[PDB]
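K.L.:
pasting an experimental structure, sequence included:
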Amino acid sequence: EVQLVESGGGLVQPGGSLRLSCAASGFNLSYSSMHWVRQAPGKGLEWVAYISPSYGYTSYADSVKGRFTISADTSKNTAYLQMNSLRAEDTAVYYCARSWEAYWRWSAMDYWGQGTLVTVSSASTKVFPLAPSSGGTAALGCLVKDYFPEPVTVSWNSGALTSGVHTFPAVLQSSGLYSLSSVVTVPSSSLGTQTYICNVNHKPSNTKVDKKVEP
Amino acid sequence: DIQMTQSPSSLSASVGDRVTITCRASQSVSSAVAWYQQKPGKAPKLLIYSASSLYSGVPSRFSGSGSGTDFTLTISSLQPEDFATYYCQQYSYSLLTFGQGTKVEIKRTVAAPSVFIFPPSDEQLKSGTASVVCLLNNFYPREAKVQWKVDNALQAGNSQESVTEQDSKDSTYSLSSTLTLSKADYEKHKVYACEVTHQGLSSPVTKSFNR
Amino acid sequence: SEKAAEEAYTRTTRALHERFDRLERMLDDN
């Protein structure tokens, strides 16, 4: 089974160190070669590094060189990415990909892991309703504010009926906390007559906030 | 040092449609190019290497072209599972480079948003902060626009938009725009509006309140 | 003694490799 699995991704303060690994199977990593590529939240692909173990060859992207180091262990058939001096902009999902040939220029990146997320900020420190009153049937919500880190969990009634409903990708505020909202379109002459209850969760620190809405 | 200029940034198309994505390498990269496909929350998948060599397993509908330094990815007919974004890459230089991405979305109609403005809670006014919302619900296409307005005066620079991806059901969107400032900054003006312009609306829909 | 010899032969290694790249490119554009 020729697969790629990547891990070691987590949260680290700026200037910290992390160190990723990419477990290789179903081929001989040493007979061939690898790449780490990465993806800042909501952006494009970015090449990070490469290695041909049996050429003892390694190469880097300028935006590192001197903070990251890429390696291999033949025993474990494994690749490593040692990142020191991590910044917030080094924040990104990091992937592996194999390259079937033994030098970066003779092949493209055929196989790829699932990518592990690396969030980097300097604080973990960490709600409200949005009441009902375009379309013809009003809408209401549940602004979820100032929590860390990613992500949250916003059902309604524990999901015993939920359609026409939207949880927005969170957005990063200058303060370093995220914020997203959930919203549901619900009929206009059907105000406050049966149920309509927001249900929230936040793993990292324990939370399951139930909230109500209306004039 | 080698830029790959991708085009277009986004593109709407229908099942059966033949689509073409282009990439201008800023200097000869001679055939050492690949195209990748990426679905949200998933790894990229290699489609074409060597500027036009079908990767094994990839559907023969996918295809790559190259003309000196312009590269085209063609999809002869466009099936459901092919809605995604696609990236070219050069690997002719030791600094590998990727293009910025083209989003390939489903071309359905011209349907218009439900707009709602939501007030900052009396609760959140008790923490010193003030957050106004503006909901653009269920629409196509994505090109839209919110103007956060206060007392007929568009004060913006303190607001951010979030958007859903095309949903599975009516493949529409949903936008969220939030506006933020002090409890002070809030307690000075009394009218608060967001007007939305969109090809589904004959003329922009203003939506407002007075706390 | 340290990275002195080890980091040198590294540039030198990469230098050479960078030359071969040069060649592959100039064949591939004929």
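P.N.:
Alright, I've got the coordinates. Residues are numbered from 1 along each chain as shown, chains lettered A, B, ... in the order given.
K.L.:
ok, which residues in chain A are in contact with chain C?
P.N.:
A:56, A:57, A:59, A:105 (CB under 8 Å from any CB of the partner chain). Backbone N, C-alpha and C define where each C-beta goes, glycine included.
K.L.:
wait, isn't the third one in contact with residue B:91?
P.N.:
Read it as residue A:59. No. Contact between residue A:59 and residue B:91 fails when scored by CB atoms under 8 Å: they sit 11.0 Å apart.
K.L.:
these two: which is more packed in?
P.N.:
Shown here are residue A:59 and residue B:91; by other CB atoms under 10 Å in any protein chain shown, residue B:91 has more neighbours (26 against 19).
K.L.:
buried residues in stretch B:90-109, which are they?
P.N.:
B:90-94, B:96-105 (16 or more other CB atoms under 10 Å in any protein chain shown).
K.L.:
stretch A:31-45 too?
P.N.:
A:32, A:33, A:34, A:35, A:36, A:37, A:38, A:39, A:45.
K.L.:
ok, back up a step: could you tell me which residues touch both of residue A:59 and residue B:91?
P.N.:
Shared contacts of residue A:59 and residue B:91 (CB atoms under 8 Å, 6 or more residues apart in numbering or on different chains): residue A:104.
K.L.:
quick one, domains of chain A?
P.N.:
A:1-122, A:123-215 (curated CATH domains).
K.L.:
check chain B too.
P.N.:
Chain B breaks down into these structural domains: B:1-108, B:109-211 (assignment by curated CATH domains).
K.L.:
can the longest one be said to contact chain A?
P.N.:
In other words, domain B:1-108. Yes. Domain B:1-108 lies within reach of chain A by CB under 8 Å from any CB, at B:32, B:34, B:36, B:38, B:42-46, B:49-50, B:55, B:87, B:89, B:91-92, B:94-101.
K.L.:
just stretch B:124-138 next, same as before
P.N.:
Yes. Contact of stretch B:124-138 with chain A (CB under 8 Å from any CB) involves B:124, B:131, B:133, B:135, B:137, B:138.
K.L.:
go through that stretch and flag the buried ones.
P.N.:
Under 16+ other CB under 10 Å, the buried positions of stretch B:124-138 are B:124, B:125, B:129, B:130, B:131, B:132, B:133, B:134, B:135, B:136, B:137, B:138.
K.L.:
one more: stretch A:208-215?
P.N.:
Buried, per 16+ other CB under 10 Å, within stretch A:208-215: A:211, A:213.
K.L.:
return the distance of it from the chain's centre.
P.N.:
28 Å (CA atoms, centre = their mean, to the nearest Å).
K.L.:
so what's residue 19 up against?
P.N.:
Here I'm looking at chain A. Neighbours of residue A:19 in contact, by CB under 8 Å, 6+ apart: A:8, A:80, A:81, A:82, A:83.
K.L.:
what about the residues you listed, which are in helices?
P.N.:
Assigned to helices by DSSP state H, none of the contacts of residue A:19 qualify.
K.L.:
which of those residues lies closest to chain B?
P.N.:
Within these, proximity to chain B (CB to the nearest CB) peaks at residue A:81, which comes in at 15.5 Å.
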